[PDB]
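In: Compute the structure for the input listed below.
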Amino acid sequence: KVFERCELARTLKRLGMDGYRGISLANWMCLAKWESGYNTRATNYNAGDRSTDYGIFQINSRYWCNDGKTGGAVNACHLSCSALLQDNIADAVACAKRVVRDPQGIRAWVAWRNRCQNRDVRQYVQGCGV
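Out: Numbering: from 1, shown residues only. Below is the structure in question.
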């Protein structure tokens, strides 16, 4: 599914993402926006290392989910990568929370660093009632 901006912001608030491990809601919004355009079915194959990024947060199969074809991969979120392509984002959110529990936090995503870090991200949540 392709979420609308404020619909996603309200969903993420309810799922407890606001301030999770010190990360504001607008930072999560900025991340979803640049990783998938708020698209839960997005997938990106990395020909260079044979991994795939899945879902709204573009979570990688080398460490976080199992797709069986990745190669020396772990499944830190204990999920099939298929779970990250559902319209319901509860599993994707649970996994994104696991990702930021590692030392890098939100910096795990290079898109976050280039496109969101040290920027005015208020635009992503403006007028959503969150």
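In: which SSE is the residue most central in space within the chain in?
Out: The centroid of the chain falls nearest to residue 57 when counting by C-alpha atoms, centre = their mean (2.2 Å). Following DSSP states H and E, there is no helix or strand that holds residue 57.
In: burial count for residue 104?
Out: 11 (other C-beta atoms under 10 Å). Every C-beta, even on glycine, is put in place using the N, C-alpha and C of the backbone.
In: Is it correct that residue 38 is in contact with residue 8?
Out: Yes. Between residue 38 and residue 8 a contact is recorded at 5.5 Å, counting by C-beta atoms under 8 Å.
In: which one of these two has more residues nearby?
Out: residue 8 (24 against 17).
In: Wait, a strand at that one?
Out: No. Counting by DSSP: H, G, I helix; E, B strand; the rest coil, residue 8 is not part of a strand but helix.
In: let's have the chain start at 46 instead
Out: All right, first residue 46 from here; so that's residue 53.
In: residue contacts, it?
Out: By C-beta atoms under 8 Å, 6 or more residues apart in numbering, the contact list for residue 53 reads 74, 77, 83.
In: what's the answer for residue 114, then?
Out: So residue 114 contacts 95, 106 (C-beta under 8 Å, 6+ apart).
In: do the same with residue 76
Out: Contacts of residue 76 by C-beta under 8 Å, 6+ apart are 102, 151, 154, 156-157, 161.
In: Identify the residue nearest the residue nearest to the centre of the chain in space, chain neighbours excluded?
Out: Nearest non-adjacent residue to residue 102, counting by C-beta to C-beta, 6 or more residues apart in numbering: residue 141, 4.8 Å away.
In: Near the one you found, how many other residues are there?
Out: By the measure other C-beta under 10 Å, the count of residues near residue 141 is 28.
In: I'd like the distance between it and residue 56.
Out: To residue 56, residue 141 is 13 Å away according to C-beta to C-beta, to the nearest Å.
In: May I have stretch 104-119 as CSV, with CA atoms only?
Out: Output of stretch 104-119 as CSV, limited to C-alpha atoms (Å, rounded to 0.1, in the frame of the first residue of the first chain):
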residue,chain,number,x,y,z
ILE,A,104,15.2,-3.1,5.7
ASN,A,105,18.1,-5.3,4.4
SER,A,106,18.1,-9.1,4.2
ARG,A,107,21.8,-9.4,5.1
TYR,A,108,21.1,-8.8,8.8
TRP,A,109,17.5,-8.2,9.6
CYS,A,110,15.1,-10.6,7.9
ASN,A,111,15.4,-14.0,6.2
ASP,A,112,14.7,-14.3,2.5
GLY,A,113,16.9,-17.5,2.2
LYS,A,114,18.8,-16.3,-0.8
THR,A,115,21.1,-13.7,0.8
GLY,A,116,24.4,-15.3,1.9
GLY,A,117,25.9,-15.3,5.3
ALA,A,118,22.8,-13.5,6.5
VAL,A,119,21.3,-13.2,9.9
